[PDB]
Each structure stands twice: as structure tokens, then as C-alpha cells.
RNA sequence: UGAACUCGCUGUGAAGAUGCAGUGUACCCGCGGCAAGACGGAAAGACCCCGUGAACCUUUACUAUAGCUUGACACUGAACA
Ligand SMILES: [Mg+2]
Ligand SMILES: [Mg+2]
Ligand SMILES: [Mg+2]
Ligand SMILES: [Mg+2]
Ligand SMILES: [Mg+2]
């Protein structure tokens with residue numbers, strides 16, 4: 001499938017680019033996720049007409065919004081006193097839903113799917129390093145303090 | 001249930017005769033019995049054979065097929081070795 005882009009995806013295409021990609025990748029991933037649209041002759045003519053002078057600006061303001069969201073909190077200890085057992089060995093395993101609710105209780109607007117983790121379970125108490133995926137380009141590393 | 005004025009023997013005869021030949025006996029007709037014969041009645045022999053007949057059934061008969069299994073392509077992607 002010949003497809004014209006709207007986002008800096010990693011390995012296939014640059015911005016404003018019409019690349020030929022596998023049709024499953026074009027159908028299930030790009031056109032739902034809002035990064036690419038099918039290279040109809042009308043579509044590439046319409047993109048050269050108006051949308052190339054807007055989607056770059058939208059990418060710049062999205063990168064700025066990711067910078068704003070990542071630096072409204074970087075203090076790197078969010079306190080959760082969830083339930084635990086004695087001397088390590090957390091009671092019930094922590095969901096990233098709960099980690100999302102903790103940081104949106106004190107700070108950022110980051111939801112569940114905007115959060116990555118090495119483990120994802122955080123099944124003991126201590127300084128567990130948490131990553132973040134508010135965008136595929138930029139990360140953020142704000143750390144958690146879980147206690148009983 | 002072809003029609004009957006439907007005896008016995010010996011012989012002849014699709015080769016085991018109430019019906020032919022030869023011969024012996026028997027007046028016409030019931031009734032109650034028996035059941036040897038009328039190749040008695042019943043049922044186009046059920047065993048056998050024939051049909052370039054049928055059915056089911058078996059299998060290492062033939063040719064197929066549902067199924068189960070194999071691989072290619074599609075639905076079907078991204079990375080990294
Ligand atoms: Mg005789
Ligand atoms: Mg008699
Ligand atoms: Mg009697
Ligand atoms: Mg008879
Ligand atoms: Mg017959």
C-alpha cells in the first residue's frame with residue numbers, strides 16, 4: 001500500500017512522505033492510530049494543498065505539550081501507602097492503573113497507557129524506577145515510594 | 001373346478017395310464033366310515049443352475065469421497081539478532 005504520513009514513525013517514513021508499506025501495517029496500525037492516510041491522488045494533492053502547512057506545526061506543539069507534561073513533575077518520589085505484608089512481599093500486586101491514579105492524584109495528567117515499566121508489578125516496597133510513555137519520542141522517569 | 005356317460009390287471013407310451021391295445025369283472029342311485037391313487041389342494045421350488053439380474057455385507061479388488069493430517073498463499077503486523 002502506498003501511504004502518506006502525518007507523524008514521525010520510526011523506521012519507514014519521514015514527515016509528508018509517501019512510502020509503500022505492508023497493507024496490514026497500513027490498515028490495522030497507522031490509519032487507526034492517526035499517523036498515515038492512503039496515498040490517493042486526491043489525497044496527495046490535498047496534502048500538498050493545505051495540510052502540510054499545519055501538520056508540522058501540530059507536531060511541534062505536540063512535542064511542546066509532551067515537554068510541558070513531562071516537566072510539570074520530575075521530583076521522582078510519588079508516595080503510595082498501598083497494602084503490603086511484613087518485610088517486603090507486597091500484599092496484592094500493584095497495577096499501573098493504580099500508579100496512574102497516584103500521579104494524577106498528586107501531579108500530572110498521565111493515564112494508564114501512557115506508562116511503561118520494566119516489571120509492571122512493583123511487588124515489593126522500595127524505590128521502584130518507573131518509566132513513562134506520554135509519547136513514543138520522549139520518555140520521563142518519575143520514581144515511586146510504596147510502603148505498607 | 002378344461003369337459004365327463006370318472007373299473008382292475010398286463011403291455012405300449014415325454015419312459016409310473018379312469019381315458020390307448022388286449023383281457024377280466026361291474027344292474028341304477030345314495031348314506032356312514034377309512035385315506036392307497038387322481039403325480040390330490042395350498043404357494044410362478046426356498047436346495048441346484050442360468051441372468052454380462054438386484055440387494056446388503058467383507059477386504060491388502062478398482063475408482064472416488066466426508067473426515068483427520070501436511071505445506072504454499074490469503075486474513076497477517078513491527079522490531080532485533
Ligand atoms: Mg402302467
Ligand atoms: Mg385315497
Ligand atoms: Mg379323514
Ligand atoms: Mg399337488
Ligand atoms: Mg420358477
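Per the header of the entry, the method used was electron microscopy, 3.7 Å.
A Cβ is built for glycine as well, from the same backbone N, Cα and C atoms used for every other residue.
Feature annotation from Swiss-Prot assigns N6-succinyllysine to A:71 (among others). There are 10 other CB atoms within 10 A of the CB of residue A:71 (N6-succinyllysine), with all protein chains counted.
Residue A:83 (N6-succinyllysine) carries neither a helix nor a strand DSSP state and counts as coil. Under the heading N6-succinyllysine, Swiss-Prot lists A:83 (among others), citing experimental evidence as support.
Under the heading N6-acetyllysine, Swiss-Prot lists A:89. Within 10 Å of the Cβ of residue A:89 (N6-acetyllysine) there are 10 other Cβ atoms, across all protein chains.
For residue A:112 (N6-succinyllysine), the count of additional Cβ atoms within 10 Å of its Cβ stands at 12 [all protein chains shown]. The feature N6-succinyllysine is assigned by Swiss-Prot to A:112 (among others), with experimental evidence given as support.
The two recorded residues, residue A:71 (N6-succinyllysine) and residue A:112 (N6-succinyllysine), show a Cα separation of 18 Å.
Within 10 Å of the C-beta of residue A:83 (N6-succinyllysine) we count 10 further C-beta atoms, all protein chains included.
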